[PDB]
There are 2 protein chains.
Amino acid sequence: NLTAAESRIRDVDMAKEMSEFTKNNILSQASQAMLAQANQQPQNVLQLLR
Amino acid sequence: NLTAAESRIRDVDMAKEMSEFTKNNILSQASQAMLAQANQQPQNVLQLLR
């Protein structure tokens, strides 16, 4: 029961933990796409009004 | 009658005693199956959500 308690201290919901690993990767890649596009916009600003 | 008394001190119900030898072996093997399966479950947890 002690190792069960300590387990609860150090439990992982590997389902959740992997799901948020996944999700945080999705959000990373998403934010990356947003930075690419953030670079794409002002390129257009200048080149369409240079 | 003395050896009968002392016999009662050291009697065995070999029927019961063998029956519980048997039973405790059954319960051993059962618990073993439960440990195998206890190993089988988290294998599935990770591999189905790795």
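For each chain, numbering begins from 1 and proceeds through the sequence as written. The entry may number the same residues differently, and residues missing coordinates are not shown. Starting at A for chains and at 1 for ligands, labels are handed out in the order in which the entities are written. Here we see only some chains of a larger assembly; the values are for those chains and no others. With hydrogens and water excluded, all non-hydrogen atoms of the structure serve as input to the side-chain values.

Determination of this PDB entry was carried out by cryo-EM to a resolution of 6.7 Å, according to the record.

Considerations on the overall build of chain A
Scanning chain A from N- to C-terminus turns up two helices and zero strands. Projected onto its principal axes, the C-alpha positions of chain A cover 70 × 15 × 5 Å. Three exposure classes are used, based on accessible area relative to the maximum for each residue type with a 1.4 Å probe and protein chains only: buried under 20%, partly exposed in between, and exposed over 50%. A buried classification covers 0% of the 50 residues belonging to chain A. Working note: accessible area of chain A is about 4,600 Å², and carbon and sulfur atoms make up 57% of it. Charge assignment: positive for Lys and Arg, negative for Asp and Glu; neither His nor the chain ends contribute. The location of each charge is read from NZ of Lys, CZ of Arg, CG of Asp or CD of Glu. Distance between charge centres in chain A, computed from 5 positive and 5 negative side chains, equals 12 Å. Strands here mean DSSP runs of E at least two residues long; helices mean DSSP runs of H or I at least four residues long; both are numbered from the N terminus. For every accessible area listed, the method is Shrake-Rupley and the probe measures 1.4 Å; residues are considered covered only by the protein chains on display.

Considering a nonpolar patch on the surface
Patch criteria: residues need more than 30% relative accessible area and no salt bridge. Like-charged residues are merged within 9 Å; nonpolar side chains of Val, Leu, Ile, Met, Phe, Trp and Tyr are merged within 5 Å. One side-chain nitrogen of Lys or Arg within 4 Å of one carboxyl oxygen of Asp or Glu is enough to make a salt bridge. A cluster of nonpolar side chains, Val12(A), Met14(A) and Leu46(B), forms an exposed patch at the surface whose accessible area comes to about 220 Å². Position of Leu46(B) among the secondary structure elements: in helix α2 (residues 14–48). Given the relative accessible area of 31%, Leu46(B) is considered partly exposed.

A word on the pattern of salt bridges
Within this structure, the stated rule accounts for eight salt bridges over all chains. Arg10(B) is the salt-bridge partner of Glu6(B), the closest N and O atoms lying 3.6 Å from each other. Remark: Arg10(B) and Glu6(B) occur in helix α1 (residues 2–10); sequence separation between them is four residues, near one turn of the helix. Classification of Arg10(B) by relative accessible area gives exposed; the value is 53%. Linked through salt bridges whose partners overlap, the residues forming this network are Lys16(A), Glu20(A) and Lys23(A).

Observations regarding the environment of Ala38(B)
Mapped onto the secondary structure, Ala38(B) falls in helix α2. Note on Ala38(B): relative accessible area 39%, which makes it partly exposed.

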